[PDB]
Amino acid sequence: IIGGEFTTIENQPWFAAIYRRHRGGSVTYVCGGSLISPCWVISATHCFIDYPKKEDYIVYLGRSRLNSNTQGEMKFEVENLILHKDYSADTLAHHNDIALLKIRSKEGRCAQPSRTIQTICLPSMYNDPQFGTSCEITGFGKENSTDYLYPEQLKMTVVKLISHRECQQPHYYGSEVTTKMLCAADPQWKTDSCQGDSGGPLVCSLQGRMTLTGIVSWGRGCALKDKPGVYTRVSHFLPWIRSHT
């Protein structure tokens, strides 16, 4: 995340950190995700498409820091990696960029609630906030283009939803964004998702309840003028989520 502030998992208790395992016990961060039910984390397919083997991945919940431990964190294996069968990418966009990870602890249990681990609510079908609404994104992605290190502490920022008609304008993304995507940006183009933030949640507070509205998918650069972040529009995959869960 570019711009934005350090946060703790307490403030983002549905956030899931997804890593890939390596011989020796070392791991490398992959992508973000969100806990939508005790046994299911939702993320983006493009995070896994090159290495679709569920055995290689681990998921943390209740984790505030990238390479050190947080009190109360829970570690999980992936029982089922479900990628969208119609996922694809052209020269700019990911399509149907949504994935489900069935999680299972070493001891065989799903996630348990706590101050640092909670589910986010799913949206209602075709019901999303109107453009201009503030929503938050969270992730361990890069915060600076010249960095070789990702931030050690979780970050968040606030962006505003952009209408589909604005994002489809030629100096934005044109026909590259479909009704199955949503765009969001800082009005001053100062804060944005970046490398490593994909898979993570775009959350909007609806009537008090925090709702998973988007999943970080793609864009052009990070915090570039007239190039909003593009998210998978979760309210259009509810049937897919419901049936595969």
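When you see a residue number, it is the position in the sequence shown, counting from 1.
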| said: Mean Cα B factor from the PDB record: higher for 10 to 18, or higher for 233 to 241? | reply: 233 to 241
| Mean C-alpha B-factor higher for 163 to 171, or for 131 to 139? | 163 to 171
| query | Per the entry, which of 147, 90, 97, 152 tops the list for Cα B factor? | reply | 90
| remark: Binned into thirds over the chain's modelled residues, the C-alpha B-factor of residue 186 lands in the middle
| task | Can you work out whether the C-alpha temperature factor of residue 27 puts it in the lowest, middle or highest third of the chain? | result | highest
| query | Comparing residue 206 with the other modelled residues of its chain, is its CA B-factor in the lowest, middle or highest third? | reply | highest
| field | residue 33 CA temperature factor, ranked by third within the chain | value | lowest
| said: Test of reading the entry: by CA B factor among the chain's modelled residues, which third contains residue 124? | reply: highest
